[PDB]
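Participant: Structure of the sequence below:
(2 chains, ligands or ions: 3)
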Amino acid sequence: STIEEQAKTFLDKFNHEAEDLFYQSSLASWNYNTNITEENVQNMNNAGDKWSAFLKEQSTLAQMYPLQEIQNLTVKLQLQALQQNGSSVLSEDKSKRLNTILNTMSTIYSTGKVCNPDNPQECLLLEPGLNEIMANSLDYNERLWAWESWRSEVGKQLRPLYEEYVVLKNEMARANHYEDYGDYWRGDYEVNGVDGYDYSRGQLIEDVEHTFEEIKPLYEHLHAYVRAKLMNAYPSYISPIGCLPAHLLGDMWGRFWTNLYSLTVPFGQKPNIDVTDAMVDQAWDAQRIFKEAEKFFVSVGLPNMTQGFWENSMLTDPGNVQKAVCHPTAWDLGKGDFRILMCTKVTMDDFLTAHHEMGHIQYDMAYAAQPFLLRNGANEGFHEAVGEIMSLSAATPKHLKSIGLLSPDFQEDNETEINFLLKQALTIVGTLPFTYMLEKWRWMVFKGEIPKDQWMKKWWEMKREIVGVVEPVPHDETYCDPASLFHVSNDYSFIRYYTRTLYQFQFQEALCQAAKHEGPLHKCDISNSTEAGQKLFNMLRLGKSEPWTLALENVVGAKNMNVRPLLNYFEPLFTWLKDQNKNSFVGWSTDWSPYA
Amino acid sequence: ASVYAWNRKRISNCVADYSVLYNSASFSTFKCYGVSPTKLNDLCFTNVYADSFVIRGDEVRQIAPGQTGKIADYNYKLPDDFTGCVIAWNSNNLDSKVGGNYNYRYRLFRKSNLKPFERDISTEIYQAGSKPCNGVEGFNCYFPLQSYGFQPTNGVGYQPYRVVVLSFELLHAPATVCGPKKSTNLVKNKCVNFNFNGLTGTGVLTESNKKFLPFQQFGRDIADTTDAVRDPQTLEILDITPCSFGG
Ligand SMILES: *[C@@H]1O[C@H](CO)[C@@H](O[C@@H]2O[C@H](CO)[C@@H](O)[C@H](O)[C@H]2NC(C)=O)[C@H](O)[C@H]1NC(C)=O
Ligand SMILES: *[C@@H]1O[C@H](CO)[C@@H](O)[C@H](O)[C@H]1NC(C)=O
Ligand SMILES: *[C@@H]1O[C@H](CO)[C@@H](O)[C@H](O)[C@H]1NC(C)=O
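Facilitator: Numbering: from 1, shown residues only, chains lettered A, B, ... in the order given. Ligands and ions are numbered 1, 2, ... in the order given. Sure, the structure comes next:
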């Protein structure tokens, strides 16, 4: 018998015993989250340690198989996961120092501590309150002070710490024969399988900015509109040539302008489409919410929900001593068992969140037939893109009137369309430059061409052009501003979010064509179109067993990356902004500063 | 018993009412390949063989005429000329265990596919490669019998399902098991046709004073023409007279 059959037998033996233990661990996790209790903590300890002590050995014995001759590329990729060095390739001292330094970054970031000068004995955290005050306010002094303090107590002591983290993680990348850890992150979007479907880690870096400048024609107009509304709101604190500071972006990292949306409202006469009055008036509870979501998916084309889910999954009201954290999550425990976890509420936004999580659950059933090592998506962004697809689809006014959420005599016009599109773009396209610049900065701090000093000042000077953030108080050497970010200190790949929005835009566009809808993309409904659900299932059932490049060939025929849905979706906003800021000049200058 | 130790049972010399089993809505799967289940009550064979075990819910496809699979290849095999039926039903309410019903095991590793109506009982450690396996497992050594992690919450496909495969053999020996006869009631003094215990004919049935010795069944006088019959369900001597006719 050749070695390849031995490899198949070993993989089957591994996954057979892995499925049951993973199910036990997932059951313990669901028990702990559904029942916040001390005993479930020890259950988590005694399940996680056992699972790790079982998986580490199986991965360790994945070396005597010469994984270079398996004719079945699916089996080759299945054996690839076990034939990974992981974190044990490093020496004990460096690995334990890295683990400790990750722990201290996590604790420091979770324990952001700043006191106002009037009460130096009682500080406040990123918890609601001080964070709410500096996120929901119309002022220039308190937000700037909070930003400075946050960068001076999370970024002051994290500069050498983050330097050591970066160098040691990249050394672990060399331990995996990678010249940089950015290559390790980009390995997810890299396949060497089907010829013509293969991809390289490098090309992704350039193509990230290759699709970044095409949305900038709209970004400049949106920035000009925001600057004009700041002129009308913030008196003479933004130079007309220049741009706005960091603390005036609504979020301390410029992620979204939703907190800044009220300043730049297009037209307040026609508000957002809110059915909360109708949603409550119809007396539709979370159970009815889930039932209507299931019916809408069935009209779309996805099948009925499996039983036990109505029993195992929790939906609302943690309530009494039976505590339960309800961060919206989907749970595929394996062995044909599925759960969902929310505090689902009677709200359109909560309706969309429940739609997101139950679409995650539907995709979880989508790859059911695949083994443990293939029960995932083509790439980590497809899952979230899918989860937002129906969230986009479950809020359209046509969908609302189809199931009688809106009034039977409800009509829309240009004003509500403009307001909705502007508010949506304040979140969707307003984060893409920030996402791209953060990803590229992480790539170049992993590569290390920039010296130690060109870390925070370089970050700010690049954010001046990309995001448009002037420095009221610049941070040169003694502060580590990116260290004051959640996805910088926990080893989080961040390009997934960048690709997720484009992927979901492409999928919504393709479904809009294959759902028989006319008009703009933002006014597209994909309900009562079973062929759309069939195409969705064709996309979903592939799972991890097929390359992501191959997966991106049925919904959209372009295996490469495109930006057309981004431009098409916010087209009315762009044509409104062309005639909106006619007198003002688009763009911003990167020389003026608030201090001078 | 477990699938690798499938229970084989032989039944003969009894009346079988297949209708009630057919008229059972509490049974998940009832697939017949020989003939229609309704007709099964009529015809009959000489003996019956039952193969009973429990498998996983998603493996029910494996037990089929000319079907292959891990269970089908290494635990129990079927031919294509199968006569009889297959019955399956969920056992999660019984066999699925909160602590895990690991008693049930199946043969994953075997040198050759099992023959039809054949069982592999050896628990020999398997050689997936070229090296011999001496006792404790090594590189190419994996346990032939994989257990089952049945839980009360495992979805429909992962629940334990009980399966009984019924075959009917028709050896040259006289048939021993057959369906019931559904005897009717009796009428008298009217020209009717009768089929007493396979003896058929027309006439009018009256009462008689003859004395059958206690082992005869029917009596003919001369020229081989039946006169008296004995009713199987009441054991009395009747009499037969031809229905009237004439020019
Ligand atoms: C066949 O079964 C029937 C049904 O029980 C038997 O009929 C009964 O027999 C007993 C015994 O003498 C009587 O007391 C009842 O009145 C009978 N019931 C009827 C005729 O409806 C019959 O005896 C059985 N045949 C045997 C034993 O040879
Ligand atoms: C893991 O690292 C060691 C150290 O050089 C190397 O010998 C080994 O080949 C690596 N593992 C794989 C699967 O490449
Ligand atoms: C879901 O189940 C209900 C009730 O059995 C049935 O009426 C409906 O057709 C099912 N839908 C699908 C898509 O199977």
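Participant: C-alpha only now, for contacts and for neighbours.
Facilitator: OK.
Participant: so residue B:53 makes contact with residue B:163?
Facilitator: Yes - with contact defined as CA atoms under 8 Å, residue B:53 reaches residue B:163; the gap is 5.6 Å.
Participant: and these two? which has more neighbours close in?
Facilitator: Applying other CA atoms under 10 Å in any protein chain shown to residue B:53 and residue B:163 shows that residue B:163 carries more neighbours, namely 24 against 20.
Participant: Doesn't the more buried one belong to a strand?
Facilitator: Yes - applying DSSP: H, G, I helix; E, B strand; the rest coil, one finds residue B:163 inside a strand.
Participant: Nearest to ligand 2: which residue in chain B?
Facilitator: Closest approach between chain B and ligand 2, counting by CA to the nearest ligand atom: residue B:139, at 17.6 Å.
Participant: Would you double-check that that residue falls in a strand?
Facilitator: No - the assignment for residue B:139, made by three-state DSSP, is coil rather than a strand.
Participant: buried stuff in stretch B:73-80?
Facilitator: B:73, B:74, B:75, B:76, B:77, B:78 (16 or more other CA atoms under 10 Å in any protein chain shown).
Participant: How about stretch A:262-282?
Facilitator: For stretch A:262-282, by 16+ other CA under 10 Å, it's A:263, A:264, A:265, A:266, A:270, A:273, A:275, A:278, A:279.
Participant: Let's see the distance spanning it from one end to the other.
Facilitator: End-to-end distance for stretch A:262-282, by CA to CA, to the nearest Å: 30 Å.
Participant: Contacts made by that stretch with the rest, please.
Facilitator: A:225-226, A:229-230, A:233, A:346-348, A:405-406, A:415-416, A:418-420, A:422-423 (CA atoms under 8 Å, 6 or more residues apart in numbering or on different chains).
Participant: Kindly report the same for stretch A:434-452.
Facilitator: A:166-167, A:170, A:180-182, A:205, A:208-209, A:212, A:254-255, A:455, A:459, A:462-463, A:466-467, A:494-495, A:497-498.
Participant: Please pick the buried ones from those.
Facilitator: A:166-167, A:170, A:180-182, A:205, A:208, A:212, A:254-255, A:455, A:459, A:462-463, A:466-467, A:494-495, A:497-498.
Participant: bridging residues for the spatially most central residue of chain B?
Facilitator: Central residue of chain B (CA atoms, centre = their mean): residue B:166, 3.7 Å from the mean position. Beta-bridge pairing for residue B:166 (DSSP bridges): residue B:50, residue B:85.
Participant: who's in contact with it?
Facilitator: B:48, B:49, B:50, B:51, B:84, B:85, B:86, B:87.
Participant: In JSON lines, list the residues you listed along with distance to residue B:21 and neighbour count.
Facilitator: Output for those, formatted as JSON lines (distance: CA to CA, whole Å; neighbours: other CA atoms under 10 Å in any protein chain shown):
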{"residue": "B:48", "distance to residue B:21": "15", "neighbour count": "19"}
{"residue": "B:49", "distance to residue B:21": "16", "neighbour count": "17"}
{"residue": "B:50", "distance to residue B:21": "14", "neighbour count": "20"}
{"residue": "B:51", "distance to residue B:21": "16", "neighbour count": "18"}
{"residue": "B:84", "distance to residue B:21": "13", "neighbour count": "21"}
{"residue": "B:85", "distance to residue B:21": "11", "neighbour count": "20"}
{"residue": "B:86", "distance to residue B:21": "12", "neighbour count": "18"}
{"residue": "B:87", "distance to residue B:21": "10", "neighbour count": "18"}
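Participant: if we can go back for a sec, helices - which of the buried ones among the contacts of stretch A:434-452 land there?
Facilitator: A:166-167, A:170, A:181-182, A:205, A:208, A:459, A:462-463, A:466, A:495, A:497-498 (DSSP state H).
Participant: okay if I get those as TSV plus distance to ligand 2?
Facilitator: Shown next, in TSV, are those (distance: CA to the nearest ligand atom, whole Å):
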residue	distance to ligand 2
A:166	20
A:167	18
A:170	14
A:181	15
A:182	18
A:205	25
A:208	29
A:459	34
A:462	37
A:463	38
A:466	39
A:495	26
A:497	29
A:498	30
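Participant: burial measure for residue B:125, as a count.
Facilitator: Other residues within reach of residue B:125, judged by other CA under 10 Å, total 20.
Participant: I'd guess it is in a helix, am I close?
Facilitator: No - counting by three-state DSSP, residue B:125 is not found in a helix; it is coil.
Participant: Contacts only, for it.
Facilitator: Here residue B:125 is in contact with B:133, B:135, B:137, B:141, B:142, B:143, B:144 (criterion: CA under 8 Å, 6+ apart).
Participant: Just the buried residues of those residues.
Facilitator: B:133, B:141, B:142, B:143, B:144.
Participant: Is the fourth one in contact with residue B:122, as I believe?
Facilitator: Read that as residue B:143. No - at 11.7 Å, residue B:143 does not count as touching residue B:122 under the criterion of CA under 8 Å.
Participant: that older thread, nearest to ligand 3, of the contacts of residue B:166?
Facilitator: Among the contacts of residue B:166, and counting by CA to the nearest ligand atom, the member closest to ligand 3 is residue B:87, at 23.8 Å.
Participant: which SS class is the closest residue to the closest one other than its chain neighbours?
Facilitator: Spatially, and ignoring its direct neighbours in sequence, residue B:87 is nearest to residue B:30 (4.7 Å; CA to CA, 6 or more residues apart in numbering or on different chains). At residue B:30 the chain is in strand, as set by three-state DSSP.
Participant: And for the residue in the stretch 51-200 of chain A positioned nearest to ligand 3, the neighbour number?
Facilitator: Going by CA to the nearest ligand atom, ligand 3 is nearest to residue A:74 of the stretch 51-200 of chain A, at 31.2 Å. Residues lying near residue A:74 (other CA under 10 Å) number 16.
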